[PDB]
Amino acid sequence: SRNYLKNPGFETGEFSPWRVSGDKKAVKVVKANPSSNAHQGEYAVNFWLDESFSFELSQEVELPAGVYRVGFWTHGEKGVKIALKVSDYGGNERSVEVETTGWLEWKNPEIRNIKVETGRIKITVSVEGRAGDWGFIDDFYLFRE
């Protein structure tokens, strides 16, 4: 249960060391109100904009060789396109795609059986929304299997 991602729940109230790329103004760390918008703790990433938007959240990690799994938790407006990607670990990029389906309909994208041979991994989440779309991202984990 040791989690290899830093600030995996945004509980500092800030992004660091997660990088935000793309339409940054679409994405914030917020103190969830109601708290149910977060999956753990008090804070979550919330995205929203009044026009269409795309962004990515990423973090790179140095890790012991081993087999790992990565995932997180999300919910939001019906039809927002979210992808989880892992790269730089030794193999080709792996991904999984999910769409949100409404408020508090939690999704748990996950990638398992990731054989880290480079001593590194990069975790990227991509979000693509239409005008007015929104959602929450929280509670990342990178575990050794």
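Residue indices: 1-based, along the sequence shown.
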Stretch with the higher entry mean CA B-factor, where the candidates are 59-67 and 41-49: 59-67
What's the residue among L104, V98, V86, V29 with the greatest CA temperature factor in the PDB record? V98
Taking the chain's C-alpha temperature factors as the reference, tell me which third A131 falls into: lowest, middle or highest. highest
Sorting the chain's modelled residues by C-alpha B-factor, tell me whether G119 ends up in the lowest, middle or highest third. highest
Please rank the C-alpha B-factors of the chain's modelled residues and tell me whether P34 sits in the lowest, middle or highest third. highest
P109 - which third its CA temperature factor falls in, relative to the rest of the chain: middle
